[PDB]
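Colleague: Would you mind keeping the following structure in view while I ask a few things?
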Amino acid sequence: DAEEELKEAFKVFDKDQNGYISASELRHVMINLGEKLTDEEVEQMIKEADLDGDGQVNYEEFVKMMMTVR
Ligand SMILES: [Ca+2]
Ligand SMILES: [Ca+2]
């Protein structure tokens, strides 16, 4: 079920449904959660979470990042 719930949530964040979560999509989520971090904080999270420096948070990075903070 973990892979399901995780896949589902991922599908929600993937507003563009491009298979990759964009920084903008992450920010919108933060607002929905009632949380707002500085641009430098979010930018750092994307960079820190991104293992391939692709600039985009991929499922592996998301789950991985999610596992970290959890
Ligand atoms: Ca997207
Ligand atoms: Ca990536």
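Yeah, the sequence shown ends on 149 if you go by the deposited numbering, and it's all consecutive.
Every residue gets a Cβ at the ideal spot worked out from N, C-alpha and C, and that includes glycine.
1) Can you give the Cα-Cα distance for residue 125 and residue 110, rounded to whole angstroms?
2) Measure the alpha-carbon distance for residue 122 versus residue 100 and round it to whole angstroms.
3) Can you check which of these residues, 105, 118 and 120, is closest to residue 141 by C-alpha distance?
4) Can you list, in chain order, the residues of its chain with a C-beta nearer than 8 Å to that of residue 93? Leave out the 5 residues immediately preceding and following it.
5) Any heavy atom of ligand 1 within a distance shorter than 7 Å of the CB on residue 126?
6) Straight-line CA distance for residue 82 to residue 117?
7) On the DSSP bridge list, what partners appear for residue 148?
Modeller: According to the data block:
1) 16 Å
2) 13 Å
3) 105
4) 99, 100 and 104
5) no
6) 30 Å
7) According to DSSP, residue 148 bridges with nothing at all.
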